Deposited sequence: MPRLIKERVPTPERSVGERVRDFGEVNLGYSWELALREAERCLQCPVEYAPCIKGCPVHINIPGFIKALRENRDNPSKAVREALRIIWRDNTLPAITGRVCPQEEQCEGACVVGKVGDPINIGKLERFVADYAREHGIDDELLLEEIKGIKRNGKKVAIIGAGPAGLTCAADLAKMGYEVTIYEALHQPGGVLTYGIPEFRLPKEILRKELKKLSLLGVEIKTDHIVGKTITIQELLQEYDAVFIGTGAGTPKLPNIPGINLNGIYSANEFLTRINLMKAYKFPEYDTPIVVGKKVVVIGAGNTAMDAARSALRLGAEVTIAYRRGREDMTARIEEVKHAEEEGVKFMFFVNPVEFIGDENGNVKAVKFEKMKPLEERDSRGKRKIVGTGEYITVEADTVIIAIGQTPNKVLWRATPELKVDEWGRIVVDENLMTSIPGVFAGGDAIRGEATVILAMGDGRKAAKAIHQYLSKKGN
């Protein structure tokens, strides 16, 4: 059959004992083989391009590899220059994008056969460039032809939206300053997504590019407390808000505050940012029980459940809906199942049961039965034992974050209202990523940061 070339992966046995990257990705050899499967659909109506939220020339970078099978470094420099026109985080997006609902979901070969593995081919281009120093050559090539323009820009938040906005403005000659609330930049790339999905080398290399581009990162600076938007407006020609949507949704049901009940954000912050699993070499502690129940079935729940098993716990995922309703990446759902995570579907917590010492012991669920209609409960229940409960039923923007700047228009959910050029109700102030869309995707944050850098530039030209 003419199926898609597979990617190598470490065995369950080896990978469950550490936090190392599971999927080893394409080699130069396998990348060419997968590139030659693409039908080279015309650039103007190629469905894959349409499916990508930032519209990367997918056949363009694929054909670039195919024509330079002779020299890989030439082919990668060419494929990369094309990717970098629309996307500046290909190593993150190629690994974490939910392709099944985007580029690959749109791919014609998918209708009769397997769609082209666009994500792993984009990832290969980026990883090859990063390992062989191709991206370093191009970045230094950019820095030489960079001339200052006397103008300063402040950036609120150091996640993928803010990091992308800063890089593109620096390239334009602006004097960029990022204000970050935590002690390390990256946002979810530094506290949320783990090493087994995203090697920390990508983030470390991304901060090297910005330190080379001259951008300054002000850590331990909470905009709204340390400094206000008004104060920032008095010093900077423009501002860009990229504060995300990190407040955890916690159900106010009996037992929510028993010991052993964590939000996924806390549990992942302690592991990813604080390296608690390395306690006592690292000072941040973490308590993990013999039996863990994770509430939810998004990427956040997969990350939490998969992290818990690496700490020796037996893990169970409890979801409100069914197997097909899960929002997590189908590739990461597969990884959690092979690793041994048990799945419990159509269950909704109605209480977390505990002992007289205030520790969690069991979780009580209502059996549910199967878009803005939602579902309903059967009146039938089921109780499962648990020593640790991780809540992963979503995140939301800090609904009280904007109360230090009332002139900034914000909607019913805490999302910053923006115009077609991503400008807020305050001229000079722009905003992107989860601050405007609510909980979304890395590509959508990258893109908004890219778009706002063009609008800040245009708005600062007249």
Quiz prompt | Ranges of the deposited sequence (numbered from 1) for which no C-alpha atom is modelled | solution = 1-4, 375-381, 474-476
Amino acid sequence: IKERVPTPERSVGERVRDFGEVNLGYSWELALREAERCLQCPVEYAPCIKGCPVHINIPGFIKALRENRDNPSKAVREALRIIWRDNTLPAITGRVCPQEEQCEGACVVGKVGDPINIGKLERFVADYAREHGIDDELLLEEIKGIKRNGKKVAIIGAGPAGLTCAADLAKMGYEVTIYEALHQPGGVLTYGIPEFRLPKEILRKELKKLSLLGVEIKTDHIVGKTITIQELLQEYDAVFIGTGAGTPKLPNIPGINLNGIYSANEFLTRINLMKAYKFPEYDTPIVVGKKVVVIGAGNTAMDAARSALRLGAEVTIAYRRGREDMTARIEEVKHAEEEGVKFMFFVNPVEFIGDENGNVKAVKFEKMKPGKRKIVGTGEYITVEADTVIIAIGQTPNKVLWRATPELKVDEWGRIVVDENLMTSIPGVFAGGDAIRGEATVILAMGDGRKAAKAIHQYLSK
From here on, numbers count along this sequence of modelled residues.
Quiz item: What stretch has the higher average Cα B-factor here, 394-402 or 426-434?
Solution: 394-402
Quiz item: For the C-alpha atoms alone, is the average B factor greater in 347-355 or in 296-304, going by the entry?
Solution: 347-355
Quiz prompt | Selection by C-alpha B-factor (highest) of 149, 284, 269, 184 | solution = 149
Exercise. Specify which of 290, 132, 225, 123 carries the largest Cα B factor in the deposited PDB entry.
Key: 132
Quiz item: Going by what the PDB entry lists, where does residue 234 fall on CA B-factor within its chain: lowest, middle or highest third?
Solution: highest
Self-check item: Chain-relative CA temperature factor third for residue 81
Solution: middle
Quiz item: Relative to the other modelled residues in the chain, which third contains the C-alpha temperature factor of residue 279: lowest, middle or highest?
Solution: lowest
Quiz item: Where does residue 92 sit by CA temperature factor within its chain: lowest, middle or highest third?
Solution: lowest
Practice problem: For residue 241, return the chain-relative third of its C-alpha B-factor as stated in the PDB record: lowest, middle or highest. | Solution: lowest
